[PDB]
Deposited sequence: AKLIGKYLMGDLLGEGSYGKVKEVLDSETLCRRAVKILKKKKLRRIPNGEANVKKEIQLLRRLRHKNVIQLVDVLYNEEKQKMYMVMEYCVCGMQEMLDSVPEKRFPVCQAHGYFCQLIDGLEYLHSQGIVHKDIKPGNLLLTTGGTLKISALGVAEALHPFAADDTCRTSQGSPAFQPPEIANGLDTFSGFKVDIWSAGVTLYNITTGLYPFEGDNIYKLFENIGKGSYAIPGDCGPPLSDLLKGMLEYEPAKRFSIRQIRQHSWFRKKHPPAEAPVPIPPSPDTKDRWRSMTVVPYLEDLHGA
């Protein structure tokens, strides 16, 4: 028990904390709690600050495709809406390590919806990747882990940015070089392009050490759409409008068996 929440089994454990399932004891709503060891945060550089920051953002954000923050409790515990699985977990469950085009496409349009929303709030996510994209039981994609996101100023003219701190593989060539100021949105787009590249093929567009390889700018075999998202020049790189209007996005692909989602409260 914690507030009106009683605890369940481990669902996952990223870098920051262990995530356990929870159950609202008054309403009976299935929820999830991010559990953060106060002392372990203090020794993650900017760990405390990243958390308070994410809590600030999630408190003023609301969209079908952004993860919902429900409550915050102390003594630390972030109560989140429940998701049955994260994207990377599904990829990890099948030998192929990729989705059929029809499945991947739905996820990708859901992702564009969330990104468009967040950008319109001036949020630059900075860590778009399958491990950060979760799924409800109703197959709704939720962009999660706003840990390293940069809220732009409502009076900044541009989406100009300065820091990286996203996941190394999903980083663009602007960052694999320093640069000093770059469009924040176009960083999200390269990152979307690397996740789309992945969910569709099973492979990553860059190996690694890592940064030297990205800051040099190869497709396997949609292809036009992938080059556009993964442009080395941010100017020539697709805007979210250009993604929406591209024929691969607009096409309704014929739906073959998709990855079903891989195979907690009774004792308590």
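**Student:** So which bits of the deposited sequence did not make it into the model?
**Tutor:** According to the record, the gaps fall at 1 to 2, 78 to 82, 216 to 219, 229 to 230, 235 to 239, 274, 283 to 293, 299 to 305.
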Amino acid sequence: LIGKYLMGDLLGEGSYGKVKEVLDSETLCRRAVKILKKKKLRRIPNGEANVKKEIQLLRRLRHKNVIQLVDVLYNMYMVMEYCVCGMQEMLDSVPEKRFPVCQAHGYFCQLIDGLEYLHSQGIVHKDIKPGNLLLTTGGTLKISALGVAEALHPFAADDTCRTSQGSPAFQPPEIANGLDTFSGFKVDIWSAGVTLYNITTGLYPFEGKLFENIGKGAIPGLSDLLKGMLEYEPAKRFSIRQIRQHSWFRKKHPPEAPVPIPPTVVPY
From here on, numbers count along this sequence of modelled residues.
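**Student:** Using only C-alpha atoms and the B-factors in the entry, which stretch averages higher, 87 to 95 or 188 to 196?
**Tutor:** According to the PDB entry, the answer is 87 to 95.
**Student:** Look up the CA B-factors in the entry and say which stretch, 118 to 126 or 158 to 166, has the higher mean.
**Tutor:** Taking the mean B-factor of the alpha carbons in each, 158 to 166 is higher.
**Student:** Name the one of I243, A218, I67, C29 with the greatest CA B-factor according to the PDB entry.
**Tutor:** Going by the entry's C-alpha B-factors, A218 comes out highest.
**Student:** Pick out which of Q56, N213, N50, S239 has the highest C-alpha B-factor in the PDB entry.
**Tutor:** Out of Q56, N213, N50, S239, the record gives the largest C-alpha B-factor to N213.
**Student:** Would you mind checking where the Cα B-factor of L226 ranks among the modelled residues of its chain, as the lowest, middle or highest third?
**Tutor:** It belongs to the middle third of the chain when residues are ordered by C-alpha B-factor.
**Student:** Going by the entry, which third of its chain does the Cα temperature factor of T181 land in?
**Tutor:** Highest third.
**Student:** Going by the entry, which third of its chain does the Cα temperature factor of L203 land in?
**Tutor:** Ranked within chain, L203 CA B lands in the highest tercile.
**Student:** Going by the entry, which third of its chain does the Cα temperature factor of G131 land in?
**Tutor:** It falls in the middle third of the chain.
**Student:** Could you say whether, by C-alpha temperature factor, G147 belongs to the lowest, middle or highest third of its chain?
**Tutor:** For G147, the deposited C-alpha B-factor lands in the lowest third.
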